[PDB]
file work.pdb (PDB, C-alpha atoms (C1' of nucleotides))
ATOM      1  CA  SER A  15     -55.759 -24.570   9.705
ATOM      2  CA  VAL A  16     -52.229 -25.894  10.261
ATOM      3  CA  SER A  17     -49.494 -24.285  12.371
ATOM      4  CA  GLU A  18     -46.618 -26.747  11.922
ATOM      5  CA  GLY A  19     -45.345 -27.058   8.369
ATOM      6  CA  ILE A  20     -42.382 -27.931   6.166
ATOM      7  CA  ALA A  21     -40.567 -25.690   3.672
ATOM      8  CA  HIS A  22     -39.006 -27.436   0.679
ATOM      9  CA  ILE A  23     -36.261 -25.406  -0.989
ATOM     10  CA  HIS A  24     -35.575 -27.660  -3.983
ATOM     11  CA  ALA A  25     -32.984 -25.595  -5.856
ATOM     12  CA  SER A  26     -31.170 -26.470  -9.072
ATOM     13  CA  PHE A  27     -28.518 -24.613 -11.034
ATOM     14  CA  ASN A  28     -31.197 -23.286 -13.399
ATOM     15  CA  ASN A  29     -34.257 -22.848 -11.168
ATOM     16  CA  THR A  30     -35.302 -23.017  -7.525
ATOM     17  CA  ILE A  31     -38.686 -24.360  -6.410
ATOM     18  CA  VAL A  32     -39.874 -23.348  -2.944
ATOM     19  CA  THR A  33     -43.029 -25.229  -1.979
ATOM     20  CA  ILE A  34     -44.122 -25.196   1.658
ATOM     21  CA  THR A  35     -46.334 -27.983   2.991
ATOM     22  CA  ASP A  36     -47.718 -29.284   6.260
ATOM     23  CA  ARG A  37     -45.999 -31.808   8.518
ATOM     24  CA  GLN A  38     -47.637 -34.604   6.500
ATOM     25  CA  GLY A  39     -46.610 -33.713   2.943
ATOM     26  CA  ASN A  40     -49.694 -32.037   1.481
ATOM     27  CA  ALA A  41     -48.690 -28.931  -0.452
ATOM     28  CA  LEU A  42     -50.236 -25.604   0.547
ATOM     29  CA  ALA A  43     -48.497 -23.144  -1.786
ATOM     30  CA  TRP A  44     -45.530 -23.067  -4.134
ATOM     31  CA  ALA A  45     -43.549 -20.443  -6.018
ATOM     32  CA  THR A  46     -40.673 -20.563  -8.482
ATOM     33  CA  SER A  47     -37.985 -18.209  -9.738
ATOM     34  CA  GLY A  48     -39.163 -18.698 -13.317
ATOM     35  CA  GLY A  49     -42.741 -17.914 -12.351
ATOM     36  CA  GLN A  50     -41.861 -14.476 -10.991
ATOM     37  CA  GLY A  51     -40.798 -12.642 -14.158
ATOM     38  CA  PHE A  52     -37.198 -13.887 -14.087
ATOM     39  CA  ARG A  53     -36.008 -15.926 -17.062
ATOM     40  CA  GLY A  54     -32.700 -17.265 -18.293
ATOM     41  CA  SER A  55     -29.753 -15.841 -16.391
ATOM     42  CA  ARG A  56     -31.787 -13.872 -13.841
ATOM     43  CA  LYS A  57     -33.853 -16.935 -12.887
ATOM     44  CA  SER A  58     -30.775 -18.785 -11.568
ATOM     45  CA  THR A  59     -29.847 -16.014  -9.112
ATOM     46  CA  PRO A  60     -30.069 -15.965  -5.302
ATOM     47  CA  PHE A  61     -32.341 -12.909  -5.403
ATOM     48  CA  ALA A  62     -34.862 -14.667  -7.652
ATOM     49  CA  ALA A  63     -35.041 -17.301  -4.912
ATOM     50  CA  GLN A  64     -35.450 -14.580  -2.282
ATOM     51  CA  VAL A  65     -38.655 -13.384  -3.942
ATOM     52  CA  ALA A  66     -39.847 -16.932  -4.676
ATOM     53  CA  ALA A  67     -39.726 -17.888  -0.998
ATOM     54  CA  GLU A  68     -41.228 -14.506  -0.101
ATOM     55  CA  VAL A  69     -44.197 -15.067  -2.424
ATOM     56  CA  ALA A  70     -44.751 -18.704  -1.436
ATOM     57  CA  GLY A  71     -44.242 -18.042   2.270
ATOM     58  CA  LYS A  72     -46.696 -15.149   2.284
ATOM     59  CA  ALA A  73     -49.158 -17.145   0.169
ATOM     60  CA  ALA A  74     -49.656 -19.790   2.871
ATOM     61  CA  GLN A  75     -49.061 -17.419   5.786
ATOM     62  CA  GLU A  76     -52.847 -17.040   5.617
ATOM     63  CA  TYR A  77     -53.155 -20.794   6.224
ATOM     64  CA  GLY A  78     -51.899 -20.291   9.773
ATOM     65  CA  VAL A  79     -48.372 -21.669   9.618
ATOM     66  CA  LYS A  80     -45.923 -19.989  11.990
ATOM     67  CA  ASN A  81     -43.707 -22.962  12.846
ATOM     68  CA  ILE A  82     -41.883 -24.476   9.876
ATOM     69  CA  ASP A  83     -38.689 -26.449   9.238
ATOM     70  CA  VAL A  84     -36.927 -26.020   5.907
ATOM     71  CA  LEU A  85     -35.622 -28.991   3.895
ATOM     72  CA  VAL A  86     -33.061 -27.690   1.408
ATOM     73  CA  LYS A  87     -31.989 -29.875  -1.505
ATOM     74  CA  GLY A  88     -29.826 -29.291  -4.553
ATOM     75  CA  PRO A  89     -26.659 -27.387  -5.459
ATOM     76  CA  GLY A  90     -28.379 -24.192  -6.617
ATOM     77  CA  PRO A  91     -27.463 -20.691  -5.457
ATOM     78  CA  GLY A  92     -30.898 -19.988  -3.983
ATOM     79  CA  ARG A  93     -30.453 -22.602  -1.279
ATOM     80  CA  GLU A  94     -29.089 -19.923   1.084
ATOM     81  CA  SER A  95     -30.995 -16.826  -0.060
ATOM     82  CA  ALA A  96     -34.444 -18.442   0.121
ATOM     83  CA  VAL A  97     -34.127 -19.420   3.791
ATOM     84  CA  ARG A  98     -33.222 -15.832   4.683
ATOM     85  CA  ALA A  99     -36.475 -14.680   3.068
ATOM     86  CA  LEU A 100     -38.607 -16.898   5.314
ATOM     87  CA  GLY A 101     -36.817 -15.688   8.440
ATOM     88  CA  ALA A 102     -37.415 -12.041   7.532
ATOM     89  CA  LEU A 103     -41.075 -12.730   6.670
ATOM     90  CA  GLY A 104     -42.022 -13.540  10.272
ATOM     91  CA  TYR A 105     -41.651 -17.323  10.137
ATOM     92  CA  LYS A 106     -40.353 -19.042  13.268
ATOM     93  CA  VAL A 107     -37.958 -21.715  12.020
ATOM     94  CA  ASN A 108     -37.966 -25.143  13.676
ATOM     95  CA  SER A 109     -34.912 -26.743  12.046
ATOM     96  CA  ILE A 110     -32.693 -26.203   9.004
ATOM     97  CA  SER A 111     -31.996 -29.474   7.199
ATOM     98  CA  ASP A 112     -30.364 -30.508   3.913
ATOM     99  CA  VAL A 113     -31.904 -33.699   2.512
ATOM    100  CA  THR A 114     -30.193 -34.000  -0.836
ATOM    101  CA  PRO A 115     -30.257 -37.267  -2.810
ATOM    102  CA  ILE A 116     -26.746 -38.709  -2.788
ATOM    103  CA  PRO A 117     -26.465 -41.988  -4.722
ATOM    104  CA  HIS A 118     -24.095 -44.627  -3.396
ATOM    105  CA  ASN A 119     -22.535 -45.159  -6.826
ATOM    106  CA  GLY A 120     -25.786 -46.169  -8.474
ATOM    107  CA  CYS A 121     -26.982 -45.054 -11.897
ATOM    108  CA  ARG A 122     -24.475 -43.780 -14.442
ATOM    109  CA  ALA A 123     -24.271 -40.017 -14.922
ATOM    110  CA  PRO A 124     -24.537 -38.227 -18.278
ATOM    111  CA  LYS A 125     -21.360 -37.703 -20.259
ATOM    112  CA  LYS A 126     -19.123 -34.709 -19.603
ATOM    113  CA  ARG A 127     -20.006 -31.683 -21.707
ATOM    114  CA  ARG A 128     -17.395 -30.479 -24.193
ATOM    115  CA  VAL A 129     -17.878 -26.730 -23.889
TER     116      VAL A 129
ATOM    117  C1'   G B   1      62.621 -70.539 -48.686
ATOM    118  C1'   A B   2      58.212 -68.936 -45.970
ATOM    119  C1'   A B   3      53.215 -69.740 -46.135
ATOM    120  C1'   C B   4      49.040 -72.528 -47.394
ATOM    121  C1'   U B   5      45.103 -70.853 -40.594
ATOM    122  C1'   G B   6      43.556 -76.807 -42.765
ATOM    123  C1'   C B   7      42.822 -82.554 -42.436
ATOM    124  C1'   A B   8      44.318 -87.209 -40.572
ATOM    125  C1'   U B   9      46.919 -90.550 -36.989
ATOM    126  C1'   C B  10      49.721 -91.373 -32.724
ATOM    127  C1'   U B  11      51.975 -89.423 -28.023
ATOM    128  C1'   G B  12      51.837 -86.241 -23.818
ATOM    129  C1'   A B  13      49.075 -82.332 -20.209
ATOM    130  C1'   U B  14      44.559 -81.916 -17.279
ATOM    131  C1'   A B  15      43.399 -75.544 -15.751
ATOM    132  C1'   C B  16      38.578 -75.055 -18.274
ATOM    133  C1'   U B  17      34.245 -77.278 -21.262
ATOM    134  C1'   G B  18      32.209 -82.528 -22.357
ATOM    135  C1'   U B  19      31.174 -87.670 -20.104
ATOM    136  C1'   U B  20      31.007 -90.145 -15.722
ATOM    137  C1'   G B  21      31.463 -92.193  -9.611
ATOM    138  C1'   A B  22      30.963 -90.375  -4.746
ATOM    139  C1'   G B  23      29.964 -86.436  -1.599
ATOM    140  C1'   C B  24      28.179 -80.994   0.082
ATOM    141  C1'   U B  25      24.517 -76.920   0.852
ATOM    142  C1'   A B  26      25.117 -71.770  -0.637
ATOM    143  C1'   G B  27      20.747 -71.796  -5.896
ATOM    144  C1'   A B  28      15.838 -74.280  -6.424
ATOM    145  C1'   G B  29      12.112 -76.910  -3.879
ATOM    146  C1'   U B  30       9.178 -79.875   0.484
ATOM    147  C1'   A B  31       6.698 -80.472   5.684
ATOM    148  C1'   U B  32       5.114 -77.664  10.022
ATOM    149  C1'   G B  33       3.038 -72.472  12.733
ATOM    150  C1'   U B  34       1.292 -67.565  12.045
ATOM    151  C1'   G B  35      -0.341 -63.011   8.660
ATOM    152  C1'   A B  36      -2.212 -59.547   4.975
ATOM    153  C1'   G B  37      -4.928 -58.862   0.740
ATOM    154  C1'   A B  38     -10.781 -55.138  -4.507
ATOM    155  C1'   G B  39      -6.516 -62.698  -6.148
ATOM    156  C1'   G B  40     -10.279 -66.170  -8.811
ATOM    157  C1'   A B  41     -15.256 -68.993  -9.226
ATOM    158  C1'   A B  42     -20.549 -69.931  -7.484
ATOM    159  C1'   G B  43     -24.671 -68.343  -4.718
ATOM    160  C1'   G B  44     -27.335 -64.871  -1.288
ATOM    161  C1'   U B  45     -28.465 -60.322   0.622
ATOM    162  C1'   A B  46     -28.392 -54.691   2.266
ATOM    163  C1'   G B  47     -28.860 -49.471   1.773
ATOM    164  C1'   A B  48     -28.898 -44.955  -0.984
ATOM    165  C1'   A B  49     -30.220 -43.107  -5.870
ATOM    166  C1'   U B  50     -32.419 -43.004 -10.843
ATOM    167  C1'   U B  51     -36.668 -44.678 -13.966
ATOM    168  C1'   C B  52     -41.616 -46.430 -14.345
ATOM    169  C1'   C B  53     -46.723 -47.667 -12.471
ATOM    170  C1'   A B  54     -50.808 -46.264  -8.767
ATOM    171  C1'   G B  55     -52.902 -42.914  -5.273
ATOM    172  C1'   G B  56     -53.119 -38.058  -1.678
ATOM    173  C1'   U B  57     -51.851 -32.386  -1.491
ATOM    174  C1'   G B  58     -51.494 -28.555  -4.996
ATOM    175  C1'   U B  59     -51.473 -24.920  -9.282
ATOM    176  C1'   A B  60     -49.058 -22.728 -13.726
ATOM    177  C1'   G B  61     -45.344 -23.833 -14.968
ATOM    178  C1'   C B  62     -41.202 -27.526 -15.472
ATOM    179  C1'   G B  63     -36.968 -28.785 -18.078
ATOM    180  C1'   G B  64     -32.753 -26.868 -20.624
ATOM    181  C1'   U B  65     -28.994 -23.138 -22.302
ATOM    182  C1'   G B  66     -24.041 -18.633 -23.044
ATOM    183  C1'   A B  67     -28.982 -17.486 -24.740
ATOM    184  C1'   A B  68     -32.869 -20.073 -26.549
ATOM    185  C1'   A B  69     -35.799 -23.663 -28.781
ATOM    186  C1'   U B  70     -37.260 -28.953 -29.421
ATOM    187  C1'   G B  71     -39.601 -31.601 -25.235
ATOM    188  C1'   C B  72     -42.928 -32.320 -20.916
ATOM    189  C1'   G B  73     -47.688 -29.599 -18.568
ATOM    190  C1'   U B  74     -54.420 -27.283 -17.409
ATOM    191  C1'   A B  75     -56.220 -34.889 -20.244
ATOM    192  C1'   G B  76     -53.079 -31.471 -14.014
ATOM    193  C1'   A B  77     -46.870 -31.326 -15.071
ATOM    194  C1'   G B  78     -42.792 -29.906 -11.949
ATOM    195  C1'   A B  79     -42.576 -29.937  -6.459
ATOM    196  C1'   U B  80     -44.218 -32.993  -1.893
ATOM    197  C1'   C B  81     -46.036 -37.533   0.826
ATOM    198  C1'   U B  82     -47.343 -42.827   0.769
ATOM    199  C1'   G B  83     -47.069 -47.596  -1.662
TER     200        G B  83
END

call {"tool": "encode", "arguments": {"input": "work.pdb", "output": "structure tokens"}}
result
Amino acid sequence: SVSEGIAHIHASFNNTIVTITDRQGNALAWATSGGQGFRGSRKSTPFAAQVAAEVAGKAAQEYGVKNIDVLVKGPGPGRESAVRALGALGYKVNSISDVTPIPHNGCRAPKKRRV
RNA sequence: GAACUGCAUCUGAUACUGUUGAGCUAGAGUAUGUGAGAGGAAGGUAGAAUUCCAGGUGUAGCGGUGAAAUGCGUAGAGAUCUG
């Protein structure tokens, strides 16, 4: 159906969400580290992102996407491992980009944890 | 005898303090030219980001932790796009 698409690699310290959409912003498939059998400490690992991108990428590979540009966001560890999965799955990358929300000293952050 | 540091009244001295006349610029200020600054007060506006409301895509998780659980989610969340 669609050949050009976008890969979103929204990755946090706890979980990484890898949804891949079209050029417009309509989601086609999505996978998560916590929805792949990994929970707790193993969910926040780069490998759990490697399988999440592998599952999501293969899920919409049937759609017809071959050209896709990733949009990584977040400080998580699966921001680097997930992109490697798409490259090894047969995807032809268009551009690697990092659109992370950086406030210009806006809303106040939560208080520092005393751990 | 000495001392009683004292008090008073005269006389003298004029270095210093006091009071005064005149003068000086070195302390302190004034006028004029440039300069830097998140100095103050009143208005206006810009861009990120969060939150919320409304739609499109989409499906089973999201969130969180050292682990969890409370919580949010099949009444459609989270993610993504547009307002």

call {"tool": "axis_aligned_box", "arguments": {"input": "work.pdb", "around": "segment 100-114 of chain A", "padding_each_side": "8 Å", "output": "JSON"}}
result
{"center_x": -36.1, "center_y": -23.0, "center_z": 6.4, "size_x": 27.8, "size_y": 38.0, "size_z": 30.5}

call {"tool": "closest_residue", "arguments": {"input": "work.pdb", "among": "A:123, A:96, A:102, A:129", "to": "residue 59 of chain A", "atoms": "only C-alpha atoms"}}
result
A:96

call {"tool": "closest_residue", "arguments": {"input": "work.pdb", "among": "A:17, A:27, A:104, A:44", "to": "residue 79 of chain B", "atoms": "only C-alpha atoms (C1' of nucleotides)"}}
result
A:44

call {"tool": "resolve_selection", "arguments": {"input": "work.pdb", "expression": "the PyMOL selection byres ((chain A) within 12 of (chain B))", "output": "PyMOL selection string"}}
result
chain A and resi 19-50+53-56+58+74+85+87+114-124+129

call {"tool": "atom_distance", "arguments": {"input": "work.pdb", "atom1": "atom CA of residue 81 of chain A", "atom2": "atom CA of residue 101 of chain A"}}
result
10.9 Å

call {"tool": "atom_distance", "arguments": {"input": "work.pdb", "atom1": "atom CA of residue 69 of chain A", "atom2": "atom CA of residue 97 of chain A"}}
result
12.6 Å

call {"tool": "atom_distance", "arguments": {"input": "work.pdb", "atom1": "atom CA of residue 89 of chain A", "atom2": "atom CA of residue 111 of chain A"}}
result
13.9 Å
